[PDB]
Amino acid sequence: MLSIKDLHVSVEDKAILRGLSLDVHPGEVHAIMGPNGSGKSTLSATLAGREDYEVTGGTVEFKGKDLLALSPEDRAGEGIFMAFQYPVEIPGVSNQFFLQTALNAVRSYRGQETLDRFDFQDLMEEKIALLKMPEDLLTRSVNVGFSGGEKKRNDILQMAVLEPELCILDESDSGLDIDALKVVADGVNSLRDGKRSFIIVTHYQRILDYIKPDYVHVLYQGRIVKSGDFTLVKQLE
Amino acid sequence: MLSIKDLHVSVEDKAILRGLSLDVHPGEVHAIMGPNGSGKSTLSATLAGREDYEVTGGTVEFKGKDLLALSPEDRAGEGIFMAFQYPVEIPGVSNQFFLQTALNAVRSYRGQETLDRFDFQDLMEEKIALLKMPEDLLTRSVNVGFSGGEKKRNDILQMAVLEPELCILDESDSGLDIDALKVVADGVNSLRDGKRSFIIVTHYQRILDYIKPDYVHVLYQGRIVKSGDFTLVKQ
Amino acid sequence: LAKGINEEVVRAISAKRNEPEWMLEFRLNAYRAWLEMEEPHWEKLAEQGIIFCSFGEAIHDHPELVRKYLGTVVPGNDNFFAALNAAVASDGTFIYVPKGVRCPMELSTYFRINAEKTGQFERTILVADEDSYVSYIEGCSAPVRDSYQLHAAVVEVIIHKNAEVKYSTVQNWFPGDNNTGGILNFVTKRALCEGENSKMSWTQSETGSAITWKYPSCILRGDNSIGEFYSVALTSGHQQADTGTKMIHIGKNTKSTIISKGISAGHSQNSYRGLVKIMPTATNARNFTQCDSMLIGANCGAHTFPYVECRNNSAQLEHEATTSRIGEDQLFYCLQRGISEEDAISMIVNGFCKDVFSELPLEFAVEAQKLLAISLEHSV
Amino acid sequence: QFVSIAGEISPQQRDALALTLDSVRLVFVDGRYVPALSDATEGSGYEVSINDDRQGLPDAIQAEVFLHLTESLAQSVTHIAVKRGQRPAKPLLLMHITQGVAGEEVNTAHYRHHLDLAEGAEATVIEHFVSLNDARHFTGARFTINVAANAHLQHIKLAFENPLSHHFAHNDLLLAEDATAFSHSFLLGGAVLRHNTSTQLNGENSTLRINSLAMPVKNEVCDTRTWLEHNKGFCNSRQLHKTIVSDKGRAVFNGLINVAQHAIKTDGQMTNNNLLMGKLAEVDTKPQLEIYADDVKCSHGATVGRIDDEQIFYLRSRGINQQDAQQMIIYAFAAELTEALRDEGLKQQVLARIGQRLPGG
Ligand SMILES: [Hg+2]
Ligand SMILES: [Hg+2]
């Protein structure tokens, strides 16, 4: 029951977004598009919790509570996950230690307990094959030695493990080819149980042919100036 | 042309060679075989000039000179060449600067002279051609970035340019195949003028089908206890 | 220990045990050496021949044993603090290891005490005679006073033909929040590979000292000797560490490895400084040193001044040093997936430090990583 | 006991020891400038003034005993300036010729020079030091340099004085915003030679490079040291210092790098490769990093090792003699240093100097 209303957020003292409003219910996919420099990355970042964003008015509510009053560490527990456009390299730290820690943390919050070994193991294997990751993923250091294309697919494998409620893709498709695109499509869709909702911040129209969105909005001047269904992308032409 | 007599050599006082004697005449190709550890690798090195070889007995004379007393640099001028089993990479030194100086050196020591650069490239290419070598050898760093097969094959190109009188192959067949085997043979055979000679210290025997030897000798713990011709069999 | 120190105090700590006069005078020259010096800038099992008893008990029941090794490698007078510890020290640990014996277990005395700190000075001396394998572990983990207390230990190790010594160290102090804060760690540990084919291997994780003074050494005198050194050092608040190593190469074909990981946070300054020396007799020496540093935040300091003096034309030495960090975006990427910032900084460093903790026994490695974790959070 | 008697030489002597190069050459003898033997600088694109005027000199970056003495004992100051955006067609060349005196007396000469590079200028300046003969001397030199915005400097110093001379020199580099500075020093002469290079990055987004080659022979000691301060951020620095010590000679290297707080995005690396050829040779290196900013990446690496005897054996066994063989690997070793010399003509003369200390020539 995510509800964003008349949102104003500033970056480096400059107003970019001037009143974007959006409501997202379970099991639906929304696509945000437009030219570079219109708030897309900033919007995702604002939701994620970047420290360089002064919110100058407005509200963003999730399950009826104000999320913006909650700390960064707190938002993932609630269910927000962001696939980074530029995944960071963590030399010396294996995904296993990483994922478990990521997993326990969100498990601790929500008042639930640490998963049991064998499942975590049974789950990865099933998923590690699904996203064409190196079979020796678990032992390599997070994104070290990975190409641009390899680092991007991995955050999604992660997505399929930390069990988030709302997944946001901020141009995480950059530099990816047709081959890379289909697996990512199998990864996001496979998590669809009508449970999760998804917001796809588009880089190119690319993907909506592989991950058809239910509602489409195009952002301009930091405001939504047009909204529609999948058909909207084709119509302005 | 080559006479090695009652040779005894120890390294770190290790008793290795049994008293080996051999006679090689001009224009002849001799084949050397046997197991590892009986001195094969030591023989080439001893011939080549490693300073870590304590000679405990015997003599080696070449054209009436005591060969064991002469230095390495002197050996190439006289006409001795050794194909290394494991060619060394020398980063930062192009083949051209190297070979010309090397060629001049042996040319110097033989007291004749000398090629003309302009001439030399027409010669190189032609040799570069005989072994299907990269056209950019001259510009490349000696054996740098070369595979084992390429490093080995480089030595044969080297042989035709430095024009030795006696060519010794020190286990240069290890790790190779029929195709590479085919290129080295065209190079070695091409140096056969009925005067020039070759000594093949085999790692293994398959090599002898393209470069037919005239004589074959067998080592066992550093001595020839049986000698013969090309016709030879295993068990 | 205080009040005071005189010649009679020395003569008083001696004679508190029926002490032979060899043990005594050793202290006196030290004391005499201390005097000429100015003060420098800020389970029950029966062996297997092995002796594992206290330092004091050793003098008393085994003097001839003690007689042959003490002061052989680190003289009283070697420097300021090593003279003062030899004199004045009652507490400590003695270990001798006999022919043909592989120590059944790894000897360790590190325990996570919550009684407050025992004693100010000590000296351990471990000797492994030929064909020996022993793992020794040292350290303590105590809360700390609101007085400056000075811990200035000295460890001497002597390793003979075909022998091996594995030496571990986990010291961890806790003075919440910022207090002194506050303990002066002035240790001089040195080991002699006597000692053909001898192998010495220093390993250490260290945390929470106010001031550190330390030069874990490997002395490769024997031929085919091998030294290795793995050191983790953390500093926070306004702490200062000054730790390193002096490597003297004498034997033939000696090889040495130095890996240091120094983490720096807040406004603290941690500096690595060590030395690789190759004598002309040290034919075909080879060393590879690595001193990586992670700095946390922009107002603290990490420094590195290695020294290499080589006098031999068969040596092969390579030395690398590299800088790494925790970035905002790196920090943010971790936090956003629900792991806290406090917990984040702890994870990355443990990953950063993985290659040193590897060389530790796995069990003390786990203990080592959880305490470094909590020492960070309190203080970062 | 040292004395300073300033003699005079002829043009013939200059040609036999001078490099073959088309440049603007200023000649200094026994600490004294000799006009008649130097080229004119007016209209060269280089503004040059020689006086005892010290009104402009910056304060010293790192004070130590021998520097105050030299500035104070310096007989003159060389005022050099290049106006904004000007790019001279020819490099500025300062050849230094020092001579000794008969007796037990030690002749001493001190050179003092200052260069000002206005905004956008890019020029190359070369220092050449040589001994007129075998008579001993104490040489002093000091280069302070101010590098304005968008300027690019290529500095080369060639100390090729005799095996018996003493060499103590000190150059300074001051960089502004958008600056680039390249320095290559070849310390090839003197019984004892000591070169220090201190640099300050007082401007953002700047690039600095400092290389040097030391080749000490029999009983000589060559210590090449550098000092760099990254006071501002966004600067990138690269350093390559190599040394080759044969027959009882001694090399010393010292490199301090200080990174000031707030000096974000600094990228500094330092490499030192040392080659030992004599059985009595020594090499001492002491690198020092002082970093006070976390979002940076600085690192240094240094190696020490001997000639690969197997390639030498490999090379000789095909016929190349010992002297030429030893020589071939060394030119390859220093190749990375020698290749930065864009001028082939200059490079060959530099190569000739190197070769004479090898087991050849
Ligand atoms: Hg370091
Ligand atoms: Hg650095």
# chains A, B, ... in the order shown; residues from 1 in each chain; ligands from 1
>>> residues_near_ligand(ligand="ligand 1", cutoff="8 Å", atoms="only C-alpha atoms and all ligand atoms", output="list in words")
residues 260, 261, 262, 271, 272, 290, 291, 292, 293, 302, 303, 304, 305, 321, 322 and 323 of chain C; 289 and 299 of chain D
>>> residues_near_ligand(ligand="ligand 2", cutoff="10 Å", atoms="only C-alpha atoms and all ligand atoms", output="short mmCIF file (atom, residue, chain, number, x, y, z; two decimals) with N, CA and C atoms, in the first residue's frame")
data_model
loop_
_atom_site.label_atom_id
_atom_site.label_comp_id
_atom_site.auth_asym_id
_atom_site.auth_seq_id
_atom_site.Cartn_x
_atom_site.Cartn_y
_atom_site.Cartn_z
N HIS C 303 50.44 5.53 8.65
CA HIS C 303 51.71 5.86 8.01
C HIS C 303 52.55 4.62 7.75
N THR C 304 53.46 4.69 6.78
CA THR C 304 54.25 3.51 6.46
C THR C 304 55.67 3.86 6.03
N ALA C 321 53.12 -2.31 -1.10
CA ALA C 321 52.24 -1.71 -0.11
C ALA C 321 51.04 -1.13 -0.85
N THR C 322 49.83 -1.30 -0.32
CA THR C 322 48.62 -0.83 -1.00
C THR C 322 47.57 -0.27 -0.04
N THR C 323 46.83 0.73 -0.53
CA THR C 323 45.77 1.37 0.24
C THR C 323 44.37 1.01 -0.25
N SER D 237 50.00 11.25 -8.99
CA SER D 237 51.45 11.25 -9.04
C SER D 237 52.01 9.86 -9.30
N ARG D 238 53.02 9.79 -10.15
CA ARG D 238 53.67 8.54 -10.48
C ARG D 238 55.17 8.72 -10.34
N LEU D 256 59.46 10.27 0.45
CA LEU D 256 58.37 10.63 1.36
C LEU D 256 57.19 11.22 0.61
N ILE D 257 56.00 10.71 0.91
CA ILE D 257 54.77 11.22 0.33
C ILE D 257 53.81 11.58 1.44
N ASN D 258 53.45 12.85 1.52
CA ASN D 258 52.52 13.33 2.53
C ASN D 258 51.22 13.80 1.90
N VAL D 259 50.10 13.28 2.40
CA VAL D 259 48.81 13.67 1.87
C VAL D 259 48.00 14.43 2.91
N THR D 266 43.35 11.76 -4.29
CA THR D 266 44.77 11.66 -4.64
C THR D 266 45.16 10.26 -5.08
N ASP D 267 45.98 10.18 -6.12
CA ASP D 267 46.45 8.90 -6.62
C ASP D 267 47.96 8.91 -6.81
N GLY D 268 48.68 8.41 -5.82
CA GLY D 268 50.13 8.41 -5.92
C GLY D 268 50.74 7.04 -5.77
N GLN D 269 51.65 6.73 -6.68
CA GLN D 269 52.34 5.44 -6.67
C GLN D 269 53.84 5.69 -6.82
N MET D 270 54.63 4.79 -6.26
CA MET D 270 56.08 4.89 -6.30
C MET D 270 56.71 3.52 -6.47
N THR D 271 57.61 3.42 -7.45
CA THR D 271 58.28 2.16 -7.71
C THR D 271 59.79 2.34 -7.77
N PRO D 287 61.32 3.93 1.76
CA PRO D 287 60.09 4.61 1.34
C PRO D 287 59.23 5.03 2.54
N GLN D 288 58.49 6.13 2.45
CA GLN D 288 57.71 6.60 3.60
C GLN D 288 56.36 7.20 3.20
N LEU D 289 55.26 6.54 3.53
CA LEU D 289 53.96 7.11 3.17
C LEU D 289 53.24 7.73 4.36
N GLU D 290 52.78 8.97 4.21
CA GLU D 290 52.01 9.63 5.26
C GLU D 290 50.69 10.14 4.67
N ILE D 291 49.62 9.39 4.88
CA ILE D 291 48.31 9.69 4.31
C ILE D 291 47.26 10.12 5.34
N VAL D 296 41.30 7.93 -0.93
CA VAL D 296 42.42 8.08 -1.84
C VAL D 296 42.97 6.70 -2.09
N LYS D 297 43.89 6.60 -3.04
CA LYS D 297 44.54 5.34 -3.33
C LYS D 297 46.01 5.58 -3.55
N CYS D 298 46.83 5.35 -2.53
CA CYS D 298 48.25 5.54 -2.71
C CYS D 298 48.89 4.23 -2.36
N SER D 299 49.96 3.92 -3.08
CA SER D 299 50.68 2.69 -2.88
C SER D 299 52.07 2.78 -3.46
N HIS D 300 52.99 2.00 -2.93
CA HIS D 300 54.34 2.00 -3.47
C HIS D 300 54.81 0.57 -3.48
N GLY D 301 55.75 0.29 -4.35
CA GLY D 301 56.30 -1.04 -4.45
C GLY D 301 57.73 -0.87 -4.87
#
>>> select_by_dssp(residues="segment 10-233 of chain B", states="strand (DSSP E or B)", output="number ranges by chain")
B: 10-11, 14-15, 20-24, 29-33, 54-62, 65-66, 80-83, 94, 141, 166-170, 197-201, 215-220, 223-228
>>> write_last_selection(atoms="C-alpha atoms", output="compact mmCIF listing (two decimals), in the first residue's frame")
# COMPACT_ATOMS: atom_id res chain seq x y z
CA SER B 10 80.42 -34.42 -11.20
CA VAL B 11 78.15 -31.63 -9.98
CA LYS B 14 77.39 -36.09 -7.74
CA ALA B 15 78.89 -38.98 -9.73
CA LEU B 20 81.47 -41.72 -22.26
CA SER B 21 83.42 -41.63 -25.54
CA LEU B 22 82.09 -40.57 -28.96
CA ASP B 23 83.43 -39.67 -32.43
CA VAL B 24 81.47 -37.46 -34.93
CA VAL B 29 73.71 -36.85 -38.15
CA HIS B 30 73.91 -38.77 -34.87
CA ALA B 31 71.00 -39.72 -32.61
CA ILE B 32 71.27 -39.86 -28.81
CA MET B 33 68.77 -41.62 -26.54
CA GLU B 54 83.15 -29.82 -11.79
CA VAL B 55 85.08 -31.96 -14.28
CA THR B 56 86.48 -34.95 -12.39
CA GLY B 57 87.89 -36.74 -15.43
CA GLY B 58 88.36 -36.98 -19.18
CA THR B 59 88.92 -34.60 -22.07
CA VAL B 60 86.95 -33.05 -24.98
CA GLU B 61 88.91 -31.85 -27.98
CA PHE B 62 87.64 -30.02 -31.06
CA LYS B 65 91.89 -27.65 -29.23
CA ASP B 66 90.91 -28.46 -25.64
CA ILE B 80 78.85 -25.13 -31.92
CA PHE B 81 75.11 -24.54 -31.40
CA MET B 82 72.77 -25.89 -28.73
CA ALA B 83 68.97 -25.90 -29.00
CA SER B 94 64.30 -7.26 -29.77
CA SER B 141 60.97 -9.25 -27.52
CA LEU B 166 77.67 -28.50 -35.49
CA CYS B 167 74.05 -28.34 -34.32
CA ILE B 168 73.09 -29.97 -31.01
CA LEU B 169 69.44 -30.54 -30.07
CA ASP B 170 69.03 -30.71 -26.28
CA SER B 197 76.62 -31.80 -38.80
CA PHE B 198 73.80 -32.37 -36.30
CA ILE B 199 73.59 -33.99 -32.86
CA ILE B 200 70.11 -34.83 -31.57
CA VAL B 201 69.81 -35.40 -27.84
CA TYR B 215 74.06 -43.19 -36.38
CA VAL B 216 72.32 -44.09 -33.11
CA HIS B 217 73.94 -44.46 -29.69
CA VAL B 218 72.44 -45.65 -26.41
CA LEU B 219 73.23 -44.33 -22.93
CA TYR B 220 72.72 -46.18 -19.66
CA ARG B 223 77.95 -44.60 -20.99
CA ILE B 224 77.36 -45.93 -24.48
CA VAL B 225 77.24 -49.68 -24.09
CA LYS B 226 75.81 -50.27 -27.59
CA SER B 227 75.92 -48.30 -30.86
CA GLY B 228 74.28 -48.72 -34.26
>>> closest_atom_pairs(of="chain C", to="chain D", cutoff="10 Å", atoms="only C-alpha atoms", output="CSV")
residue,atom,partner,partner_atom,distance
C:264,CA,D:294,CA,9.5
C:265,CA,D:294,CA,9.6
C:267,CA,D:292,CA,9.7
C:269,CA,D:292,CA,9.1
C:271,CA,D:290,CA,8.7
C:272,CA,D:289,CA,9.6
C:273,CA,D:288,CA,8.9
C:274,CA,D:286,CA,10.0
C:275,CA,D:286,CA,9.3
C:277,CA,D:284,CA,9.4
C:278,CA,D:282,CA,9.4
C:279,CA,D:282,CA,9.7
C:280,CA,D:280,CA,7.7
C:284,CA,D:305,CA,9.4
C:285,CA,D:305,CA,9.4
C:286,CA,D:305,CA,8.7
C:287,CA,D:304,CA,9.3
C:288,CA,D:303,CA,9.1
C:289,CA,D:301,CA,9.6
C:290,CA,D:301,CA,9.3
C:291,CA,D:299,CA,9.7
C:292,CA,D:299,CA,8.9
C:293,CA,D:299,CA,9.8
C:294,CA,D:294,CA,8.0
C:295,CA,D:294,CA,5.4
C:296,CA,D:294,CA,6.4
C:297,CA,D:294,CA,5.8
C:298,CA,D:293,CA,4.9
C:299,CA,D:292,CA,6.6
C:300,CA,D:292,CA,6.1
C:301,CA,D:292,CA,4.9
C:302,CA,D:291,CA,6.0
C:303,CA,D:290,CA,4.7
C:304,CA,D:289,CA,4.9
C:305,CA,D:288,CA,4.1
C:306,CA,D:286,CA,5.9
C:307,CA,D:286,CA,4.5
C:308,CA,D:285,CA,5.1
C:309,CA,D:284,CA,4.3
C:310,CA,D:283,CA,5.5
C:311,CA,D:282,CA,4.3
C:312,CA,D:279,CA,6.6
C:313,CA,D:276,CA,5.6
C:314,CA,D:306,CA,6.0
C:315,CA,D:305,CA,5.6
C:316,CA,D:305,CA,4.1
C:317,CA,D:304,CA,4.6
C:318,CA,D:303,CA,4.1
C:319,CA,D:302,CA,5.0
C:320,CA,D:301,CA,4.2
C:321,CA,D:299,CA,5.4
C:322,CA,D:299,CA,4.5
C:323,CA,D:297,CA,5.5
C:324,CA,D:297,CA,6.7
C:325,CA,D:294,CA,6.5
C:326,CA,D:295,CA,8.0
C:327,CA,D:295,CA,7.0
C:328,CA,D:295,CA,9.4
>>> interface_residues(of="chain B", to="chain D", cutoff="12 Å", atoms="only C-alpha atoms", output="number ranges by chain")
B: 44-52, 70-95, 97-110, 141-143, 155, 158-159, 161-164, 167
>>> select_by_dssp(residues="segment 225-338 of chain C", states="helix (DSSP H, G or I)", output="list in words")
residues 328, 329, 330, 331, 332, 333, 334, 335 and 336 of chain C
>>> closest_atom_pairs(of="chain C", to="chain A", cutoff="10 Å", atoms="only C-alpha atoms", output="tab-separated table")
residue	atom	partner	partner_atom	distance
C:324	CA	A:91	CA	9.2
C:325	CA	A:90	CA	9.7
C:326	CA	A:90	CA	8.9
C:327	CA	A:88	CA	9.1
C:328	CA	A:51	CA	9.4
C:329	CA	A:88	CA	7.2
C:330	CA	A:88	CA	5.6
C:331	CA	A:88	CA	9.1
C:332	CA	A:50	CA	7.6
C:333	CA	A:88	CA	7.0
C:334	CA	A:102	CA	8.3
C:335	CA	A:73	CA	5.4
C:336	CA	A:72	CA	5.9
C:337	CA	A:76	CA	5.5
C:338	CA	A:73	CA	4.6
C:339	CA	A:105	CA	5.7
C:340	CA	A:73	CA	5.4
C:341	CA	A:73	CA	7.7
C:343	CA	A:101	CA	9.3
C:344	CA	A:101	CA	9.5
C:347	CA	A:93	CA	7.8
C:348	CA	A:93	CA	6.5
C:349	CA	A:92	CA	8.6
C:350	CA	A:93	CA	7.9
C:351	CA	A:92	CA	4.5
C:352	CA	A:92	CA	5.1
C:353	CA	A:92	CA	7.8
C:354	CA	A:92	CA	6.8
C:355	CA	A:92	CA	8.4
>>> write_last_selection(atoms="C-alpha atoms", output="mmCIF file, in the first residue's frame")
data_model
loop_
_atom_site.group_PDB
_atom_site.id
_atom_site.type_symbol
_atom_site.label_atom_id
_atom_site.label_comp_id
_atom_site.auth_asym_id
_atom_site.auth_seq_id
_atom_site.Cartn_x
_atom_site.Cartn_y
_atom_site.Cartn_z
ATOM 1 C CA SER C 324 42.091 0.406 0.406
ATOM 2 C CA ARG C 325 38.939 1.989 1.829
ATOM 3 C CA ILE C 326 35.269 2.036 2.779
ATOM 4 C CA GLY C 327 33.401 4.427 0.478
ATOM 5 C CA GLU C 328 30.042 6.115 1.079
ATOM 6 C CA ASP C 329 28.543 4.202 -1.848
ATOM 7 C CA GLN C 330 30.203 1.019 -0.613
ATOM 8 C CA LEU C 331 28.845 1.893 2.806
ATOM 9 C CA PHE C 332 25.424 2.718 1.417
ATOM 10 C CA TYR C 333 25.248 -0.431 -0.685
ATOM 11 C CA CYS C 334 25.694 -2.508 2.450
ATOM 12 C CA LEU C 335 23.307 -0.524 4.696
ATOM 13 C CA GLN C 336 20.478 -0.397 2.141
ATOM 14 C CA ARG C 337 20.265 -4.206 2.171
ATOM 15 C CA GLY C 338 19.520 -3.909 5.896
ATOM 16 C CA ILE C 339 22.851 -4.531 7.628
ATOM 17 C CA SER C 340 23.725 -1.590 9.930
ATOM 18 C CA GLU C 341 26.622 0.808 9.315
ATOM 19 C CA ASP C 343 27.977 -3.897 11.514
ATOM 20 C CA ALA C 344 28.989 -2.970 7.937
ATOM 21 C CA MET C 347 32.290 -7.042 8.028
ATOM 22 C CA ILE C 348 34.462 -5.419 5.366
ATOM 23 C CA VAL C 349 37.505 -5.224 7.617
ATOM 24 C CA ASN C 350 37.165 -8.876 8.589
ATOM 25 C CA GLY C 351 37.099 -9.620 4.877
ATOM 26 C CA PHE C 352 40.005 -7.259 4.426
ATOM 27 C CA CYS C 353 41.806 -9.054 7.210
ATOM 28 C CA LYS C 354 40.858 -12.567 6.061
ATOM 29 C CA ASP C 355 44.333 -13.387 4.700
#
>>> closest_residue(among="C:183, C:58, C:103, C:157", to="residue 72 of chain C", atoms="only C-alpha atoms")
C:157
>>> atom_distance(atom1="atom CA of residue 123 of chain C", atom2="atom CA of residue 4 of chain C")
20.5 Å
>>> residues_around(residues="residue 220 of chain A", least_positions_apart="2", cutoff="6 Å", atoms="only C-alpha atoms", output="ChimeraX atom specification")
/A:38,222-223
>>> write_last_selection(atoms="N, CA and C atoms", output="mmCIF file, in the first residue's frame")
data_model
loop_
_atom_site.group_PDB
_atom_site.id
_atom_site.type_symbol
_atom_site.label_atom_id
_atom_site.label_comp_id
_atom_site.auth_asym_id
_atom_site.auth_seq_id
_atom_site.Cartn_x
_atom_site.Cartn_y
_atom_site.Cartn_z
ATOM 1 N N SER A 38 16.006 13.829 -15.133
ATOM 2 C CA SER A 38 14.650 14.247 -14.807
ATOM 3 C C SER A 38 14.150 13.718 -13.471
ATOM 4 N N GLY A 222 10.281 16.958 -13.377
ATOM 5 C CA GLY A 222 10.139 16.516 -12.001
ATOM 6 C C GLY A 222 8.696 16.342 -11.586
ATOM 7 N N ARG A 223 7.850 16.137 -12.587
ATOM 8 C CA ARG A 223 6.436 15.887 -12.379
ATOM 9 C C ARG A 223 5.971 14.843 -13.378
#
>>> residues_around(residues="residue 230 of chain A", least_positions_apart="3", cutoff="7 Å", atoms="only C-alpha atoms", output="ChimeraX atom specification")
/A:212-216,233
>>> write_last_selection(atoms="N, CA, C and O atoms", output="PDB file, in the first residue's frame")
ATOM      1  N   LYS A 212       6.445  -6.891 -19.239  1.00  0.00           N
ATOM      2  CA  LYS A 212       5.348  -5.969 -19.490  1.00  0.00           C
ATOM      3  C   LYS A 212       4.832  -5.360 -18.180  1.00  0.00           C
ATOM      4  O   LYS A 212       4.473  -6.084 -17.247  1.00  0.00           O
ATOM      5  N   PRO A 213       4.845  -4.024 -18.090  1.00  0.00           N
ATOM      6  CA  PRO A 213       4.392  -3.271 -16.920  1.00  0.00           C
ATOM      7  C   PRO A 213       2.876  -3.125 -16.967  1.00  0.00           C
ATOM      8  O   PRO A 213       2.308  -3.230 -18.055  1.00  0.00           O
ATOM      9  N   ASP A 214       2.223  -2.889 -15.835  1.00  0.00           N
ATOM     10  CA  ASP A 214       0.774  -2.719 -15.874  1.00  0.00           C
ATOM     11  C   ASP A 214       0.367  -1.260 -16.034  1.00  0.00           C
ATOM     12  O   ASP A 214      -0.663  -0.971 -16.637  1.00  0.00           O
ATOM     13  N   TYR A 215       1.156  -0.340 -15.502  1.00  0.00           N
ATOM     14  CA  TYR A 215       0.812   1.064 -15.628  1.00  0.00           C
ATOM     15  C   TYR A 215       2.075   1.776 -16.095  1.00  0.00           C
ATOM     16  O   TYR A 215       3.178   1.435 -15.660  1.00  0.00           O
ATOM     17  N   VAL A 216       1.931   2.780 -16.952  1.00  0.00           N
ATOM     18  CA  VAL A 216       3.095   3.528 -17.410  1.00  0.00           C
ATOM     19  C   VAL A 216       2.897   5.044 -17.297  1.00  0.00           C
ATOM     20  O   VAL A 216       1.904   5.606 -17.768  1.00  0.00           O
ATOM     21  N   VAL A 233       3.838   3.995 -24.449  1.00  0.00           N
ATOM     22  CA  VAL A 233       5.177   4.206 -25.001  1.00  0.00           C
ATOM     23  C   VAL A 233       5.114   4.438 -26.521  1.00  0.00           C
ATOM     24  O   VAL A 233       5.723   5.370 -27.048  1.00  0.00           O
TER      25      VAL A 233
END
>>> decode(residues="segment 108-119 of chain D", atoms="N, CA and C atoms", output="PDB file, in the first residue's frame")
ATOM      1  N   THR D 108      85.372  24.599  -5.201  1.00  0.00           N
ATOM      2  CA  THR D 108      83.930  24.459  -5.028  1.00  0.00           C
ATOM      3  C   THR D 108      83.127  25.487  -5.833  1.00  0.00           C
ATOM      4  N   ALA D 109      82.044  25.028  -6.457  1.00  0.00           N
ATOM      5  CA  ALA D 109      81.193  25.907  -7.254  1.00  0.00           C
ATOM      6  C   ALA D 109      79.718  25.682  -6.926  1.00  0.00           C
ATOM      7  N   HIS D 110      78.967  26.772  -6.805  1.00  0.00           N
ATOM      8  CA  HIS D 110      77.542  26.697  -6.492  1.00  0.00           C
ATOM      9  C   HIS D 110      76.660  27.410  -7.510  1.00  0.00           C
ATOM     10  N   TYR D 111      75.696  26.684  -8.062  1.00  0.00           N
ATOM     11  CA  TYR D 111      74.817  27.245  -9.074  1.00  0.00           C
ATOM     12  C   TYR D 111      73.450  27.471  -8.436  1.00  0.00           C
ATOM     13  N   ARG D 112      72.810  28.593  -8.742  1.00  0.00           N
ATOM     14  CA  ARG D 112      71.508  28.891  -8.157  1.00  0.00           C
ATOM     15  C   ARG D 112      70.613  29.395  -9.273  1.00  0.00           C
ATOM     16  N   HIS D 113      69.481  28.733  -9.471  1.00  0.00           N
ATOM     17  CA  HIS D 113      68.567  29.119 -10.537  1.00  0.00           C
ATOM     18  C   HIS D 113      67.094  29.107 -10.132  1.00  0.00           C
ATOM     19  N   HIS D 114      66.322  30.037 -10.679  1.00  0.00           N
ATOM     20  CA  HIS D 114      64.885  30.075 -10.434  1.00  0.00           C
ATOM     21  C   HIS D 114      64.095  30.231 -11.727  1.00  0.00           C
ATOM     22  N   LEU D 115      63.075  29.395 -11.896  1.00  0.00           N
ATOM     23  CA  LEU D 115      62.239  29.436 -13.093  1.00  0.00           C
ATOM     24  C   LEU D 115      60.767  29.698 -12.785  1.00  0.00           C
ATOM     25  N   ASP D 116      60.185  30.669 -13.481  1.00  0.00           N
ATOM     26  CA  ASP D 116      58.763  30.970 -13.345  1.00  0.00           C
ATOM     27  C   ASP D 116      57.989  30.680 -14.628  1.00  0.00           C
ATOM     28  N   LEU D 117      57.085  29.711 -14.560  1.00  0.00           N
ATOM     29  CA  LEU D 117      56.241  29.361 -15.696  1.00  0.00           C
ATOM     30  C   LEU D 117      54.842  29.944 -15.562  1.00  0.00           C
ATOM     31  N   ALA D 118      54.547  30.996 -16.323  1.00  0.00           N
ATOM     32  CA  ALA D 118      53.233  31.639 -16.268  1.00  0.00           C
ATOM     33  C   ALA D 118      52.146  30.679 -16.742  1.00  0.00           C
ATOM     34  N   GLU D 119      50.891  31.081 -16.570  1.00  0.00           N
ATOM     35  CA  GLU D 119      49.755  30.245 -16.948  1.00  0.00           C
ATOM     36  C   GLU D 119      49.767  29.722 -18.381  1.00  0.00           C
TER      37      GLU D 119
END
